[PDB]
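Q: What follows is upload-v8.txt; its format and atoms are compact mmCIF, N, CA and C atoms.
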```
# COMPACT_ATOMS: atom_id res chain seq x y z
N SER E 1856 165.86 187.49 196.10
CA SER E 1856 167.28 187.56 195.56
C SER E 1856 167.95 186.26 195.94
N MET E 1857 169.27 186.15 195.72
CA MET E 1857 170.03 184.95 196.13
C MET E 1857 169.83 184.45 197.57
N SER E 1858 169.24 183.24 197.70
CA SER E 1858 169.00 182.66 199.03
C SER E 1858 167.83 183.46 199.79
N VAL E 1859 167.03 184.17 199.06
CA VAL E 1859 165.90 184.99 199.66
C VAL E 1859 164.68 184.84 198.81
N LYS E 1860 163.77 183.96 199.29
CA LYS E 1860 162.59 183.63 198.50
C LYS E 1860 161.31 183.91 199.19
N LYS E 1861 160.32 184.52 198.51
CA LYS E 1861 158.93 184.54 198.98
C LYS E 1861 158.43 183.13 199.19
N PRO E 1862 157.42 182.94 200.04
CA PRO E 1862 156.82 181.60 200.24
C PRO E 1862 156.30 180.93 198.92
N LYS E 1863 156.53 179.59 198.78
CA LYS E 1863 156.14 178.83 197.54
C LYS E 1863 154.58 178.68 197.39
N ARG E 1864 153.95 179.58 196.60
CA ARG E 1864 152.60 179.34 195.96
C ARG E 1864 152.44 177.97 195.25
N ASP E 1865 151.37 177.24 195.59
CA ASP E 1865 151.25 175.86 195.15
C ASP E 1865 150.77 175.92 193.69
N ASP E 1866 151.64 175.52 192.79
CA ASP E 1866 151.33 175.55 191.33
C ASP E 1866 151.08 174.16 190.74
N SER E 1867 151.00 173.14 191.60
CA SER E 1867 150.95 171.72 191.15
C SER E 1867 149.64 171.31 190.39
N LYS E 1868 148.58 172.05 190.64
CA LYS E 1868 147.29 171.89 189.99
C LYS E 1868 147.03 172.84 188.81
N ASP E 1869 148.02 173.66 188.53
CA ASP E 1869 147.80 174.72 187.47
C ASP E 1869 147.45 174.08 186.12
N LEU E 1870 148.16 173.04 185.74
CA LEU E 1870 147.96 172.35 184.42
C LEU E 1870 146.54 171.82 184.29
N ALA E 1871 146.05 171.12 185.32
CA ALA E 1871 144.69 170.63 185.37
C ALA E 1871 143.66 171.70 185.36
N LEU E 1872 143.90 172.76 186.10
CA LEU E 1872 142.97 173.82 186.16
C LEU E 1872 142.91 174.65 184.80
N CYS E 1873 144.07 174.92 184.21
CA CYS E 1873 144.06 175.61 182.88
C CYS E 1873 143.30 174.74 181.82
N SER E 1874 143.53 173.41 181.90
CA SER E 1874 142.81 172.46 181.00
C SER E 1874 141.27 172.55 181.19
N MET E 1875 140.80 172.63 182.45
CA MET E 1875 139.39 172.80 182.76
C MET E 1875 138.82 174.10 182.23
N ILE E 1876 139.54 175.20 182.42
CA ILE E 1876 139.13 176.47 181.87
C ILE E 1876 138.99 176.37 180.30
N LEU E 1877 139.99 175.82 179.68
CA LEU E 1877 140.06 175.75 178.25
C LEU E 1877 138.90 174.91 177.76
N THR E 1878 138.59 173.79 178.47
CA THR E 1878 137.39 172.99 178.14
C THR E 1878 136.11 173.81 178.18
N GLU E 1879 135.92 174.68 179.18
CA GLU E 1879 134.79 175.51 179.31
C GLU E 1879 134.74 176.52 178.14
N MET E 1880 135.91 177.00 177.70
CA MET E 1880 135.95 177.96 176.59
C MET E 1880 135.61 177.19 175.29
N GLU E 1881 136.13 175.98 175.13
CA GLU E 1881 135.86 175.15 173.93
C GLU E 1881 134.37 174.86 173.73
N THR E 1882 133.65 174.75 174.82
CA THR E 1882 132.26 174.34 174.76
C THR E 1882 131.29 175.50 174.84
N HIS E 1883 131.72 176.73 174.99
CA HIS E 1883 130.88 177.87 174.97
C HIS E 1883 130.23 178.01 173.57
N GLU E 1884 128.96 178.38 173.54
CA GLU E 1884 128.31 178.50 172.24
C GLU E 1884 128.92 179.56 171.32
N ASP E 1885 129.61 180.56 171.84
CA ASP E 1885 130.21 181.59 171.06
C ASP E 1885 131.74 181.31 170.71
N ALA E 1886 132.18 180.12 170.94
CA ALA E 1886 133.57 179.74 170.71
C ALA E 1886 133.85 179.54 169.22
N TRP E 1887 132.80 179.30 168.41
CA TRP E 1887 133.03 178.91 166.99
C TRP E 1887 134.04 179.72 166.18
N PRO E 1888 134.18 181.05 166.37
CA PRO E 1888 135.24 181.73 165.60
C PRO E 1888 136.67 181.37 165.92
N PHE E 1889 136.85 180.69 167.09
CA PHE E 1889 138.14 180.57 167.80
C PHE E 1889 138.59 179.13 167.90
N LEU E 1890 137.83 178.17 167.46
CA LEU E 1890 138.13 176.75 167.70
C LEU E 1890 139.32 176.23 166.91
N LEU E 1891 139.48 176.78 165.72
CA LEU E 1891 140.54 176.36 164.79
C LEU E 1891 141.30 177.53 164.27
N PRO E 1892 142.54 177.34 163.78
CA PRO E 1892 143.27 178.43 163.17
C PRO E 1892 142.56 179.03 161.95
N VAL E 1893 142.63 180.34 161.87
CA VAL E 1893 142.09 181.08 160.72
C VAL E 1893 142.83 180.54 159.48
N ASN E 1894 142.06 180.28 158.40
CA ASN E 1894 142.65 179.70 157.17
C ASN E 1894 143.33 180.86 156.39
N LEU E 1895 144.64 180.87 156.48
CA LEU E 1895 145.44 181.96 155.91
C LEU E 1895 145.41 182.03 154.41
N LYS E 1896 145.05 180.92 153.76
CA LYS E 1896 144.87 180.92 152.30
C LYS E 1896 143.53 181.49 151.94
N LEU E 1897 142.53 181.36 152.81
CA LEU E 1897 141.19 181.76 152.44
C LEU E 1897 140.67 183.03 153.02
N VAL E 1898 141.43 183.70 153.90
CA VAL E 1898 140.98 184.93 154.51
C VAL E 1898 141.96 186.02 154.19
N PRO E 1899 141.62 186.80 153.14
CA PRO E 1899 142.44 187.97 152.77
C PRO E 1899 142.76 188.90 153.92
N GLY E 1900 144.00 189.32 153.96
CA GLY E 1900 144.50 190.28 154.95
C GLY E 1900 145.03 189.66 156.22
N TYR E 1901 144.55 188.45 156.53
CA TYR E 1901 144.86 187.90 157.89
C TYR E 1901 146.30 187.68 158.15
N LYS E 1902 146.94 187.04 157.14
CA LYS E 1902 148.33 186.68 157.26
C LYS E 1902 149.22 187.88 157.51
N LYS E 1903 148.98 188.94 156.72
CA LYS E 1903 149.79 190.16 156.88
C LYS E 1903 149.54 191.00 158.11
N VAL E 1904 148.28 191.10 158.48
CA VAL E 1904 147.89 191.92 159.55
C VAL E 1904 148.14 191.32 160.93
N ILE E 1905 147.88 190.02 161.07
CA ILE E 1905 147.87 189.39 162.44
C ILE E 1905 149.17 188.67 162.59
N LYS E 1906 150.06 189.30 163.32
CA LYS E 1906 151.43 188.83 163.32
C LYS E 1906 151.60 187.48 164.08
N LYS E 1907 150.75 187.27 165.09
CA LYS E 1907 150.80 186.03 165.86
C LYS E 1907 149.42 185.38 165.98
N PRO E 1908 149.02 184.59 165.02
CA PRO E 1908 147.70 183.94 165.09
C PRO E 1908 147.64 183.02 166.27
N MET E 1909 146.46 182.90 166.88
CA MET E 1909 146.29 181.97 167.99
C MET E 1909 144.81 181.51 167.98
N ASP E 1910 144.57 180.29 168.39
CA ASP E 1910 143.22 179.71 168.46
C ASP E 1910 143.17 178.65 169.55
N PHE E 1911 141.96 178.20 169.92
CA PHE E 1911 141.81 177.26 171.02
C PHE E 1911 142.48 175.94 170.78
N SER E 1912 142.41 175.42 169.54
CA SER E 1912 143.04 174.13 169.25
C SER E 1912 144.56 174.17 169.35
N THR E 1913 145.18 175.28 169.02
CA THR E 1913 146.59 175.50 169.10
C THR E 1913 146.99 175.61 170.59
N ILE E 1914 146.16 176.31 171.37
CA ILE E 1914 146.42 176.41 172.82
C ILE E 1914 146.31 175.01 173.43
N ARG E 1915 145.30 174.24 173.01
CA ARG E 1915 145.09 172.88 173.57
C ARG E 1915 146.30 171.98 173.26
N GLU E 1916 146.83 172.08 172.07
CA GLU E 1916 147.98 171.25 171.68
C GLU E 1916 149.26 171.70 172.48
N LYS E 1917 149.47 173.01 172.62
CA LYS E 1917 150.58 173.53 173.42
C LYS E 1917 150.43 173.08 174.91
N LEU E 1918 149.23 173.17 175.46
CA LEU E 1918 148.96 172.77 176.85
C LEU E 1918 149.29 171.27 177.05
N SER E 1919 148.77 170.46 176.16
CA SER E 1919 148.95 169.01 176.21
C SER E 1919 150.40 168.58 176.00
N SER E 1920 151.35 169.36 175.51
CA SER E 1920 152.69 168.93 175.10
C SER E 1920 153.74 169.69 175.90
N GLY E 1921 153.30 170.25 177.08
CA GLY E 1921 154.27 171.03 177.90
C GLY E 1921 154.96 172.21 177.37
N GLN E 1922 154.27 172.98 176.48
CA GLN E 1922 154.86 174.15 175.92
C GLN E 1922 154.48 175.49 176.62
N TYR E 1923 153.66 175.37 177.68
CA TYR E 1923 153.46 176.53 178.60
C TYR E 1923 154.36 176.33 179.87
N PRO E 1924 155.30 177.24 180.03
CA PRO E 1924 156.13 177.12 181.25
C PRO E 1924 155.39 177.43 182.51
N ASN E 1925 154.34 178.27 182.45
CA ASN E 1925 153.61 178.61 183.67
C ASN E 1925 152.21 179.12 183.30
N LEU E 1926 151.36 179.30 184.32
CA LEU E 1926 149.95 179.68 184.02
C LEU E 1926 149.88 181.09 183.32
N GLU E 1927 150.85 182.01 183.50
CA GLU E 1927 150.78 183.29 182.84
C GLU E 1927 150.99 183.21 181.32
N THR E 1928 151.84 182.27 180.87
CA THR E 1928 152.04 182.17 179.44
C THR E 1928 150.78 181.60 178.81
N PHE E 1929 150.06 180.75 179.54
CA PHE E 1929 148.76 180.23 179.06
C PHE E 1929 147.77 181.39 178.90
N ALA E 1930 147.68 182.24 179.93
CA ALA E 1930 146.70 183.38 179.84
C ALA E 1930 147.06 184.34 178.69
N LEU E 1931 148.37 184.51 178.42
CA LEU E 1931 148.80 185.42 177.38
C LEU E 1931 148.26 184.92 176.00
N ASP E 1932 148.38 183.61 175.76
CA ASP E 1932 147.85 183.05 174.48
C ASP E 1932 146.33 183.12 174.38
N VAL E 1933 145.62 182.89 175.51
CA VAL E 1933 144.14 183.01 175.49
C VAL E 1933 143.81 184.49 175.08
N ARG E 1934 144.45 185.43 175.77
CA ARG E 1934 144.16 186.89 175.52
C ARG E 1934 144.52 187.26 174.07
N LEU E 1935 145.62 186.70 173.53
CA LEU E 1935 146.00 186.88 172.15
C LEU E 1935 144.89 186.53 171.18
N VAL E 1936 144.15 185.44 171.46
CA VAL E 1936 143.04 185.07 170.63
C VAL E 1936 142.05 186.30 170.55
N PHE E 1937 141.74 186.88 171.70
CA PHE E 1937 140.79 187.97 171.71
C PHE E 1937 141.26 189.30 171.22
N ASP E 1938 142.51 189.54 171.42
CA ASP E 1938 143.18 190.71 170.89
C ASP E 1938 143.30 190.67 169.40
N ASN E 1939 143.64 189.51 168.86
CA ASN E 1939 143.56 189.31 167.39
C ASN E 1939 142.18 189.53 166.83
N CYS E 1940 141.17 189.03 167.52
CA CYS E 1940 139.80 189.14 167.06
C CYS E 1940 139.44 190.63 166.98
N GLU E 1941 139.77 191.39 168.02
CA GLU E 1941 139.40 192.87 168.02
C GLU E 1941 140.17 193.63 166.94
N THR E 1942 141.37 193.20 166.62
CA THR E 1942 142.19 193.82 165.55
C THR E 1942 141.54 193.68 164.15
N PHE E 1943 140.94 192.54 163.89
CA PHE E 1943 140.43 192.17 162.60
C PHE E 1943 138.93 192.33 162.40
N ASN E 1944 138.17 192.47 163.48
CA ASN E 1944 136.71 192.37 163.40
C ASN E 1944 136.05 193.61 164.03
N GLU E 1945 135.08 194.16 163.31
CA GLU E 1945 134.29 195.23 163.92
C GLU E 1945 133.60 194.70 165.21
N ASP E 1946 133.52 195.60 166.20
CA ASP E 1946 132.70 195.35 167.45
C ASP E 1946 131.25 194.95 167.15
N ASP E 1947 130.62 195.60 166.16
CA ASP E 1947 129.25 195.30 165.80
C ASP E 1947 129.23 194.30 164.63
N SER E 1948 129.75 193.11 164.90
CA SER E 1948 129.69 191.94 163.98
C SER E 1948 129.45 190.74 164.87
N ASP E 1949 129.04 189.62 164.31
CA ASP E 1949 128.82 188.47 165.11
C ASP E 1949 130.17 188.03 165.75
N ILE E 1950 131.24 188.05 164.94
CA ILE E 1950 132.54 187.57 165.46
C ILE E 1950 133.08 188.51 166.49
N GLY E 1951 132.95 189.84 166.25
CA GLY E 1951 133.42 190.89 167.13
C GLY E 1951 132.71 190.69 168.49
N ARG E 1952 131.40 190.49 168.48
CA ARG E 1952 130.67 190.33 169.74
C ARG E 1952 131.08 189.03 170.47
N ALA E 1953 131.27 187.95 169.70
CA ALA E 1953 131.73 186.67 170.21
C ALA E 1953 133.00 186.90 170.94
N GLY E 1954 133.93 187.64 170.38
CA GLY E 1954 135.22 187.84 171.10
C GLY E 1954 135.15 188.57 172.39
N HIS E 1955 134.36 189.65 172.39
CA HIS E 1955 134.09 190.31 173.68
C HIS E 1955 133.48 189.43 174.68
N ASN E 1956 132.46 188.66 174.30
CA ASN E 1956 131.77 187.74 175.22
C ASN E 1956 132.75 186.70 175.81
N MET E 1957 133.56 186.09 174.90
CA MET E 1957 134.51 185.06 175.35
C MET E 1957 135.61 185.63 176.25
N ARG E 1958 136.06 186.81 175.99
CA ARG E 1958 137.09 187.45 176.82
C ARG E 1958 136.54 187.64 178.24
N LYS E 1959 135.34 188.22 178.30
CA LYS E 1959 134.62 188.30 179.61
C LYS E 1959 134.47 187.01 180.34
N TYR E 1960 134.03 185.92 179.68
CA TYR E 1960 133.86 184.65 180.22
C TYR E 1960 135.20 184.13 180.77
N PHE E 1961 136.26 184.29 179.96
CA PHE E 1961 137.57 183.82 180.40
C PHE E 1961 138.11 184.53 181.66
N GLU E 1962 137.97 185.86 181.68
CA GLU E 1962 138.60 186.69 182.68
C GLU E 1962 137.92 186.41 184.04
N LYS E 1963 136.60 186.18 184.01
CA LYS E 1963 135.95 185.70 185.24
C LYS E 1963 136.41 184.35 185.76
N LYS E 1964 136.50 183.33 184.90
CA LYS E 1964 136.98 182.04 185.32
C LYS E 1964 138.42 182.15 185.81
N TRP E 1965 139.21 183.04 185.19
CA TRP E 1965 140.60 183.19 185.54
C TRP E 1965 140.74 183.72 187.01
N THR E 1966 140.06 184.81 187.28
CA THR E 1966 139.94 185.42 188.63
C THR E 1966 139.37 184.44 189.65
N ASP E 1967 138.26 183.77 189.34
CA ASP E 1967 137.66 182.85 190.26
C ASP E 1967 138.52 181.62 190.56
N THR E 1968 139.34 181.15 189.60
CA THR E 1968 140.13 179.97 189.84
C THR E 1968 141.46 180.28 190.56
N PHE E 1969 142.05 181.44 190.29
CA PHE E 1969 143.45 181.74 190.64
C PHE E 1969 143.65 182.99 191.54
N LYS E 1970 142.73 183.97 191.57
CA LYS E 1970 142.90 185.24 192.33
C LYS E 1970 141.97 185.34 193.56
```
Rewrite the structure from the file as structure tokens, please.

A:
Amino acid sequence: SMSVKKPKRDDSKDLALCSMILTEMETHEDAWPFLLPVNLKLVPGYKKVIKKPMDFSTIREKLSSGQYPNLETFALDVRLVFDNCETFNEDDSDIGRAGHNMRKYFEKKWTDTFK
């Protein structure tokens, strides 16, 4: 509350560390569905159904331009990529499996780097 603060957690490396995680996600062999924004002109249903599209290149541009106020807003956009994927793709599809795999990969790096 006013004049009453928990001890300051060191957040000075968060930007570098989120960038490293994102690099690891960019280079994963199953990243291909997620590297670029879904082409809204060429994929029927996407525009209407997926209210907030997100992809790795969009996260990378937001990261690089100071548009994440803190490491939690970064994780929310990463998770959005996977949540969108599960909304639009059957579990038993190549893309559906890719999303599960990448979500797992991310959540481990997230815990190991920060928790």

Q: Would you list the contacts of residue 1935 (chain E) as an MDAnalysis selection string, taking every protein, DNA or RNA residue within 8 Å and counting only N, CA and C atoms, but skipping same-chain residues closer than 4 positions in sequence?

A: chainID E and resid 1907:1910 1929:1931 1939:1941

Q: Export, as a CSV table (one decimal), in the frame of the given file, the selected residues with N, CA and C atoms.

A:
```csv
chain,number,residue,atom,x,y,z
E,1907,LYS,N,150.8,187.3,165.1
E,1907,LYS,CA,150.8,186.0,165.9
E,1907,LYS,C,149.4,185.4,166.0
E,1908,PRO,N,149.0,184.6,165.0
E,1908,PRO,CA,147.7,183.9,165.1
E,1908,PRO,C,147.6,183.0,166.3
E,1909,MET,N,146.5,182.9,166.9
E,1909,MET,CA,146.3,182.0,168.0
E,1909,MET,C,144.8,181.5,168.0
E,1910,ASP,N,144.6,180.3,168.4
E,1910,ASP,CA,143.2,179.7,168.5
E,1910,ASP,C,143.2,178.6,169.6
E,1929,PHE,N,150.1,180.8,179.5
E,1929,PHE,CA,148.8,180.2,179.1
E,1929,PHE,C,147.8,181.4,178.9
E,1930,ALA,N,147.7,182.2,179.9
E,1930,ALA,CA,146.7,183.4,179.8
E,1930,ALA,C,147.1,184.3,178.7
E,1931,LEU,N,148.4,184.5,178.4
E,1931,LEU,CA,148.8,185.4,177.4
E,1931,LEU,C,148.3,184.9,176.0
E,1939,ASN,N,143.6,189.5,168.9
E,1939,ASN,CA,143.6,189.3,167.4
E,1939,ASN,C,142.2,189.5,166.8
E,1940,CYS,N,141.2,189.0,167.5
E,1940,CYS,CA,139.8,189.1,167.1
E,1940,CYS,C,139.4,190.6,167.0
E,1941,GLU,N,139.8,191.4,168.0
E,1941,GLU,CA,139.4,192.9,168.0
E,1941,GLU,C,140.2,193.6,166.9
```

Q: So how many Å separate CA of residue 1922 (chain E) and CA of residue 1905 (chain E), to one decimal?

A: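 Distance between the two atoms: 21.5 Å.
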
Q: Ranking E:1943, E:1924, E:1859, E:1878 by minimum distance to residue 1898 (chain E) and counting only C-alpha atoms, which one comes first?

A: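 Closest residue, counting only C-alpha atoms: E:1943.
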
Q: Would you mind writing down, as a PyMOL selection string, each residue of chain E that DSSP on the backbone assigns to alpha helix (DSSP H)?

A: chain E and resi 1869-1881+1901-1904+1911-1919+1926-1943+1949-1969

Q: Which residues come within 6.5 Å of residue 1912 (chain E), counting only N, CA and C atoms, excluding same-chain residues fewer than 4 positions away, as a ChimeraX atom specification?

A: /E:1889-1892,1916-1917

Q: Once you have the residues from the selection above, write them out as a PDB file, keeping the file's coordinate frame, restricted to N, CA and C atoms.

A:
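Saved to out_15.pdb:
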```
ATOM      1  N   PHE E1889     136.850 180.690 167.090  1.00  0.00           N
ATOM      2  CA  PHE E1889     138.140 180.570 167.800  1.00  0.00           C
ATOM      3  C   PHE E1889     138.590 179.130 167.900  1.00  0.00           C
ATOM      4  N   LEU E1890     137.830 178.170 167.460  1.00  0.00           N
ATOM      5  CA  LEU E1890     138.130 176.750 167.700  1.00  0.00           C
ATOM      6  C   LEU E1890     139.320 176.230 166.910  1.00  0.00           C
ATOM      7  N   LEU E1891     139.480 176.780 165.720  1.00  0.00           N
ATOM      8  CA  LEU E1891     140.540 176.360 164.790  1.00  0.00           C
ATOM      9  C   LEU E1891     141.300 177.530 164.270  1.00  0.00           C
ATOM     10  N   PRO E1892     142.540 177.340 163.780  1.00  0.00           N
ATOM     11  CA  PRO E1892     143.270 178.430 163.170  1.00  0.00           C
ATOM     12  C   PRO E1892     142.560 179.030 161.950  1.00  0.00           C
ATOM     13  N   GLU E1916     146.830 172.080 172.070  1.00  0.00           N
ATOM     14  CA  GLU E1916     147.980 171.250 171.680  1.00  0.00           C
ATOM     15  C   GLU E1916     149.260 171.700 172.480  1.00  0.00           C
ATOM     16  N   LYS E1917     149.470 173.010 172.620  1.00  0.00           N
ATOM     17  CA  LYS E1917     150.580 173.530 173.420  1.00  0.00           C
ATOM     18  C   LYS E1917     150.430 173.080 174.910  1.00  0.00           C
TER      19      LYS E1917
END
```

Q: Can you tell me how far CA of residue 1932 (chain E) sits from CA of residue 1914 (chain E), in Å to one decimal?

A: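 Going from CA of residue 1932 (chain E) over to CA of residue 1914 (chain E), I get 7.0 Å.
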
Q: Determine, counting only C-alpha atoms, which protein, DNA and RNA residues have an atom within 8 Å of an atom of region 1864-1869 of chain E; residues of the same chain fewer than 2 positions away are not included. Present the result as a PDB file with N, CA and C atoms, in the frame of the given file.

A:
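For reference, result-v9.pdb as written:
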```pdb
ATOM      1  N   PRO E1862     157.420 182.940 200.040  1.00  0.00           N
ATOM      2  CA  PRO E1862     156.820 181.600 200.240  1.00  0.00           C
ATOM      3  C   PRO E1862     156.300 180.930 198.920  1.00  0.00           C
ATOM      4  N   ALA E1871     146.050 171.120 185.320  1.00  0.00           N
ATOM      5  CA  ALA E1871     144.690 170.630 185.370  1.00  0.00           C
ATOM      6  C   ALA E1871     143.660 171.700 185.360  1.00  0.00           C
ATOM      7  N   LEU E1872     143.900 172.760 186.100  1.00  0.00           N
ATOM      8  CA  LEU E1872     142.970 173.820 186.160  1.00  0.00           C
ATOM      9  C   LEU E1872     142.910 174.650 184.800  1.00  0.00           C
ATOM     10  N   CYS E1873     144.070 174.920 184.210  1.00  0.00           N
ATOM     11  CA  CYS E1873     144.060 175.610 182.880  1.00  0.00           C
ATOM     12  C   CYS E1873     143.300 174.740 181.820  1.00  0.00           C
ATOM     13  N   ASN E1925     154.340 178.270 182.450  1.00  0.00           N
ATOM     14  CA  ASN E1925     153.610 178.610 183.670  1.00  0.00           C
ATOM     15  C   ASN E1925     152.210 179.120 183.300  1.00  0.00           C
ATOM     16  N   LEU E1926     151.360 179.300 184.320  1.00  0.00           N
ATOM     17  CA  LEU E1926     149.950 179.680 184.020  1.00  0.00           C
ATOM     18  C   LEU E1926     149.880 181.090 183.320  1.00  0.00           C
TER      19      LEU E1926
END
```

Q: Could I get region 1903-1914 of chain E rebuilt with N, CA, C and O atoms, written as a compact mmCIF listing (two decimals), keeping the file's coordinate frame?

A:
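Listed below is the output, selection07.txt:
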```
# COMPACT_ATOMS: atom_id res chain seq x y z
N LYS E 1903 148.98 188.94 156.72
CA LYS E 1903 149.79 190.16 156.88
C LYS E 1903 149.54 191.00 158.11
O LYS E 1903 150.40 191.65 158.68
N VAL E 1904 148.28 191.10 158.48
CA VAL E 1904 147.89 191.92 159.55
C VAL E 1904 148.14 191.32 160.93
O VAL E 1904 148.53 192.07 161.85
N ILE E 1905 147.88 190.02 161.07
CA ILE E 1905 147.87 189.39 162.44
C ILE E 1905 149.17 188.67 162.59
O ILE E 1905 149.35 187.59 162.05
N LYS E 1906 150.06 189.30 163.32
CA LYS E 1906 151.43 188.83 163.32
C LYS E 1906 151.60 187.48 164.08
O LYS E 1906 152.49 186.64 163.74
N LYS E 1907 150.75 187.27 165.09
CA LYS E 1907 150.80 186.03 165.86
C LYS E 1907 149.42 185.38 165.98
O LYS E 1907 148.73 185.63 166.98
N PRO E 1908 149.02 184.59 165.02
CA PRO E 1908 147.70 183.94 165.09
C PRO E 1908 147.64 183.02 166.27
O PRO E 1908 148.68 182.40 166.63
N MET E 1909 146.46 182.90 166.88
CA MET E 1909 146.29 181.97 167.99
C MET E 1909 144.81 181.51 167.98
O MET E 1909 143.94 182.31 167.54
N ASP E 1910 144.57 180.29 168.39
CA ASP E 1910 143.22 179.71 168.46
C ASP E 1910 143.17 178.65 169.55
O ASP E 1910 144.20 178.20 170.01
N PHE E 1911 141.96 178.20 169.92
CA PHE E 1911 141.81 177.26 171.02
C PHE E 1911 142.48 175.94 170.78
O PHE E 1911 143.08 175.38 171.73
N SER E 1912 142.41 175.42 169.54
CA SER E 1912 143.04 174.13 169.25
C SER E 1912 144.56 174.17 169.35
O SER E 1912 145.14 173.14 169.80
N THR E 1913 145.18 175.28 169.02
CA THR E 1913 146.59 175.50 169.10
C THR E 1913 146.99 175.61 170.59
O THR E 1913 147.97 174.97 171.08
N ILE E 1914 146.16 176.31 171.37
CA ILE E 1914 146.42 176.41 172.82
C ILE E 1914 146.31 175.01 173.43
O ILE E 1914 147.16 174.62 174.30
```
